[PDB]
Amino acid sequence: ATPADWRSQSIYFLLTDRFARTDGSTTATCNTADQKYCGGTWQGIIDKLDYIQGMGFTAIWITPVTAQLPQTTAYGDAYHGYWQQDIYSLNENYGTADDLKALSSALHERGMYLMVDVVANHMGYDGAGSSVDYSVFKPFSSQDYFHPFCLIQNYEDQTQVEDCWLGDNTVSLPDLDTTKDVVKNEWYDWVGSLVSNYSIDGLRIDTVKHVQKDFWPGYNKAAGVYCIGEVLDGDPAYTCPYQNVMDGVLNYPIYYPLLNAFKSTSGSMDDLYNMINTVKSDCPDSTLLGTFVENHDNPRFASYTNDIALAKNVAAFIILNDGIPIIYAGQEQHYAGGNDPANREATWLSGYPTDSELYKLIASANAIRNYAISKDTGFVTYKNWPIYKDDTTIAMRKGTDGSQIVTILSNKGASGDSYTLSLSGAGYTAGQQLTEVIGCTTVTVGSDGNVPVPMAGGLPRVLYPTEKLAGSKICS
Ligand SMILES: *[C@@H]1O[C@H](CO)[C@@H](O)[C@H](O)[C@H]1NC(C)=O
Ligand SMILES: [Ca+2]
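Just so we're aligned, residue 1 is where the sequence shown starts under mature numbering (1 follows the signal peptide of the UniProt record, and there is no 0), counting upward by one.
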């Protein structure tokens, strides 16, 4: 699927090993501290697609699929998929090729997209760099395919970042020499064949900043689908230019201020407002970025605060910001694990309740976004516009005039007081009736064009014209 196709999507990102087991058990042990395979499979995903689609997600992103190093290293097993050794074999822990094809088929039967995580930068090896036996890598079974062994010491030295090997010296990540035509050709052929083999609709590309930029346009082209790159850096002046060589990047610039704004009742709305505006104006296309506040490489949101209202506001922002929402499996069950490995909790241990607080919030937010998009072909290309902020509030507007969603977010938390915010600049006509879709209530725009937004319990408010909602099952 093209970048234009992907703009409307909403992604549930999951770890294959940790989302669902073939036997569907909700009690199977998964102690994250052990850092061992817990048994999640591709077949498990298929069996739980109703759970994912009931939240209004239109796509999944799954961790890498290639065969991994076999060892339990000092840092655990390769359950996460980022330590590949044989790119022409699948990771048997997750199932067979027929299972992976069955997963893409099942998603397509539901009108959903499959996004697969891929690594081009490195292989993986249990041991120090000097102990690597290059003959275990397929097809790159020789030192000649790799950069000389060095480590990345200074992330301001872009040559080091690209040419040196990742990690400390415990589990080596041999760095492929992606400047060699033999490596480009192999990777390009591989990725095109992967996408075709398995009818993949888009790719998430790992470790993008660690490969020189001239590699990525050909890789994205060979893939034939939308590619969103992991460029792990909060500085938009560094990260957003990667959109000149790839369709999209993960919105790490927004990540850091977004977390700070909502992780406590003293978070800075100013910093989030400012970063929204910087990304919107300076990044090549904010509507092709992926918005997130939770993933497998940072502490989960609830590790910072268990306040359910703060979690609802950040989840609402992720769904209604420019670009593609990305929710990390477990976020909807208020998982609270800290840094790796603690943030790789097994989703099945929640019991997959479809009535949890954040399941419902996410279902409502995706519902209105999916509905609004189906009625407004300009929603996804209308750049989100922050229209108001104060010490505890940020309000934003997105969508064509007459059909815009106006979202009011708050960091007052669950004990927030009850008051009315007179919101100016929402662009609705006087007397427009609006539905607040999270709580299924109504507000009418005042004669002065201001919206009287009831605020209470620090809850997010998502407004959309009642006429436009018409006879949808949202708030029926
Ligand atoms: C694509 O399918 C062919 C089977 O005709 C297989 O040989 C090839 O390795 C596959 N490529 C990938 C990347 O899976
Ligand atoms: Ca590299």
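Every residue gets a Cβ at the ideal spot worked out from N, C-alpha and C, and that includes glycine.
Practice prompt. Counting only runs of 4+ residues fully inside the stretch 105-170, write out the alpha helix (DSSP H) ranges in chain order.
Written response: Counting only runs of 4 or more residues that sit fully inside the stretch 105-170, the alpha helix (DSSP H) segments are 158-163, in chain order.
Discussion item. Is it the case that the stretch 307-317 contacts the stretch 373-390, given that we only count it when at least three CB pairs across the two stretches are under 8 Å?
Written reply: The answer is no - the stretch 307-317 does not touch the stretch 373-390, with fewer than three Cβ pairs under 8 Å.
Worksheet item: Which one of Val-406, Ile-87, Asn-411 has the shortest CA to CA distance from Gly-267?
Response: Numbered from 1 along the sequence shown, position 267 holds the residue referred to as residue 267. Checking every option, the nearest Cα to that of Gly-267 belongs to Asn-411.
Discussion item. Give the list of continuous beta strand (DSSP E) stretches no shorter than 3 residues that lie fully inside the stretch 366-435.
Written reply: Segments of the beta strand (DSSP E) lying fully in the stretch 366-435: 385-390, 393-398, 405-410, 419-423.
Item to complete: Please name the residue in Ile-438, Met-112, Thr-239 whose C-alpha comes closest to that of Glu-156.
Response: Against the sequence shown, residue 156 aligns to sequence position 156. Cα-wise, what sits closest to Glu-156 is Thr-239.
Discussion item. Spatial neighbours of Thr-72 within its chain, please: C-beta separation below 7 Å, excluding the five flanking residues on both sides.
Written reply: The residue labelled residue 72 in the question sits at position 72 within the sequence shown. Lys-36.
Item to complete: Report the three-state DSSP secondary structure of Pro-454 (helix, strand or coil).
Response: As a first step, residue 454 must be located in the sequence shown, where it is residue number 454. Of the three classes helix, strand and coil, the one that applies to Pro-454 here is strand, per DSSP.
Practice prompt. Counting only runs of 4+ residues fully inside the stretch 15-89, write out the alpha helix (DSSP H) ranges in chain order.
Written response: If only complete runs of 4 or more residues are kept, the stretch 15-89 shows the alpha helix (DSSP H) at 16-19, 42-47, 49-53, in order along the chain.
Worksheet item: So, helix, strand or coil for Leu-100, using DSSP?
Response: For this step, residue 100 is matched to residue 100 along the sequence shown. Of the three classes helix, strand and coil, the one that applies to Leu-100 here is helix, per DSSP.
Worksheet entry | Inter-residue spacing [alpha-carbon to alpha-carbon] between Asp-282 and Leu-151 | Against the sequence shown, residue 282 aligns to sequence position 282. Against the sequence shown, residue 151 aligns to sequence position 151. The alpha-carbon separation between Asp-282 and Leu-151 amounts to approximately 32 Å.
Discussion item. Looking at ligand 1, does it come within less than 7 Å of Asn-91, judged from the CB to the closest heavy atom?
Written reply: Position 91 of the sequence shown holds residue 91. No, the beta carbon of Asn-91 sits no closer than 7 Å to any heavy atom of ligand 1.
Fill in: beta strand (DSSP E) segment containing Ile-319, residue limits
In the sequence shown, residue 319 corresponds to position 319, counting from 1. Taken as a continuous stretch (DSSP letters only), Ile-319 belongs to no beta strand (DSSP E), being part of the alpha helix (DSSP H) at 308-320.
Discussion item. What would DSSP say about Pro-3, mapped onto helix, strand or coil?
Written reply: Along the sequence shown, one-based indexing puts residue 3 at 3. Three-state DSSP puts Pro-3 in a helix.
Discussion item. Would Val-116 and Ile-200 qualify as a contact pair, given that the criterion is a beta-carbon distance under 8 Å?
Written reply: The count along the sequence shown starts at 1 and reaches residue 116 at position 116. The count along the sequence shown starts at 1 and reaches residue 200 at position 200. The answer is yes: Cβ separation under 8 Å.
Discussion item. Looking at the secondary structure, which residues open and close the beta strand (DSSP E) in which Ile-324 lies?
Written reply: Taking the first residue of the sequence shown as 1, we reach residue 324 at position 324. 324-328 is the extent of the beta strand (DSSP E) around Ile-324.
Worksheet item: Would you say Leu-194 touches ligand 1, meaning its beta carbon is less than 7 Å from a heavy atom?
Response: Reading the sequence shown from its first residue, position 194 is the one you call residue 194. The answer is yes for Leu-194.
Item to complete: Grab me the residues of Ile-387's own chain with a C-beta within less than 6 Å of its C-beta, minus the 5 sequence neighbours each way, in chain order.
Response: Here residue 387 is taken as the residue at index 387 of the sequence shown, counted from 1. The beta carbon of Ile-387 is closer than 6 Å to those of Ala-395, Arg-397, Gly-425 in its chain, skipping five residues each way along the sequence.
Worksheet item: Taking one C-beta from the stretch 229-248 and one from the stretch 356-371 each time, how about it: are there three or more such pairs within less than 8 Å?
Response: They do not touch, by the three-pair rule.
Worksheet item: Considering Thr-239, what are the terminal residues of the alpha helix (DSSP H) in which it resides?
Response: Working through the sequence shown from its first residue, we reach residue 239 at position 239. That run of the alpha helix (DSSP H) goes 236-239.
Practice prompt. Taking all protein chains shown into account, decide if residue 517 is buried (16 or more other Cβ within 10 angstroms of its Cβ) or exposed.
Written response: In this structure the chain extends from 1 to 476, so residue 517 is not present and cannot be described.
Item to complete: Pull up the DSSP beta-bridge partners for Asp-175, would you.
Response: Counting from 1 along the sequence shown, the entry for residue 175 is found at position 175. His-122, per the DSSP bridge assignment.
Discussion item. Based on DSSP bridge pairs, tell me the residues matched to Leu-258.
Written reply: Translated into the one-based positions of the sequence shown, residue 258 becomes position 258. BP columns for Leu-258 are empty, so no partner.
Practice prompt. Taking 8 Å as the cut-off, decide whether the C-beta atoms of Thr-22 and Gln-43 are in contact.
Written response: Here the question's residue 22 lines up with position 22 in the sequence shown. Here the question's residue 43 lines up with position 43 in the sequence shown. Cβ distance < 8 Å, so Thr-22 and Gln-43 count as in contact.
Worksheet item: When a residue counts only if its C-beta is closer than 6 Å to some heavy atom of ligand 2, which residues count, in chain order?
Response: With the cut-off at 6 Å, the residues found are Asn-121, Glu-162, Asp-175, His-210, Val-211.
Worksheet item: Is it the case that the CB of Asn-197 approaches a heavy atom of ligand 1 more closely than 7 Å?
Response: For the purposes of this step, residue 197 is identified with residue 197 of the sequence shown, where counting begins at 1. The answer is yes for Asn-197.
Worksheet item: Under 7 Å from any heavy atom of ligand 1, does the C-beta of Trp-165 make it?
Response: In the sequence shown, counting from the first residue as 1, residue 165 sits at position 165. No - ligand 1 has no heavy atom lying nearer than 7 Å to the Cβ of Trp-165.
Item to complete: Could you give the DSSP three-state label for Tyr-219: helix, strand or coil?
Response: As a first step, residue 219 must be located in the sequence shown, where it is residue number 219. Here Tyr-219 sits in helix by DSSP.
Discussion item. Rounding to the nearest angstrom, what Cα-Cα distance links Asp-270 and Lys-389 in this structure?
Written reply: As a working note, residue 270 is residue 270 in the sequence shown. As a working note, residue 389 is residue 389 in the sequence shown. The alpha-carbon atoms of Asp-270 and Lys-389 are separated by roughly 7 Å.
Worksheet entry | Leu-463: first and last residue of the uninterrupted beta strand (DSSP E) it sits in | Start at 1 with the first residue of the sequence shown, and residue 463 comes out as number 463. That run of the beta strand (DSSP E) goes 461-465.
Practice prompt. Pull up the DSSP beta-bridge partners for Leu-250, would you.
Written response: Residue mapping note: residue 250 aligns to position 250 of the sequence shown, counting from 1. Residue pairing of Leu-250 in beta bridges, as defined by DSSP: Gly-290.
Discussion item. Quick test of the definition: if touching needs 3 or more C-beta pairs under 8 Å, does the stretch 158-178 touch the stretch 202-222?
Written reply: Judged by Cβ distances under 8 Å, the stretch 158-178 makes contact with the stretch 202-222, as three or more pairs qualify.
Worksheet item: Under 8 Å, do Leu-288 and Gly-323 count as touching if we go by C-beta distance?
Response: Residue mapping note: residue 288 aligns to position 288 of the sequence shown, counting from 1. Residue mapping note: residue 323 aligns to position 323 of the sequence shown, counting from 1. For the 8 Å CB-CB criterion, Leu-288 and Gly-323 form a contact.
Worksheet entry | Close beta carbons around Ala-456, own chain, < 6 Å, minus the five adjacent residues each side | Here the question's residue 456 lines up with position 456 in the sequence shown. In its chain, beyond the 5 residues on either side, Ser-418 have a beta carbon closer than 6 Å to the beta carbon of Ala-456.
Worksheet entry | For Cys-227: DSSP bridge partner residues | Here the question's residue 227 lines up with position 227 in the sequence shown. Under DSSP, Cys-227 forms a beta bridge with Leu-203.
Worksheet entry | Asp-206 beta carbon less than 8 Å from that of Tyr-82 | For this step, residue 82 is matched to residue 82 along the sequence shown. For this step, residue 206 is matched to residue 206 along the sequence shown. It is a contact, given that the beta carbons lie within the stated cut-off.
Practice prompt. Evaluate contact between the stretch 175-188 and the stretch 106-125, counting only Cβ atoms and requiring at least three cross-stretch pairs below 8 Å.
Written response: Contact holds: three or more Cβ-Cβ distances are below 8 Å.
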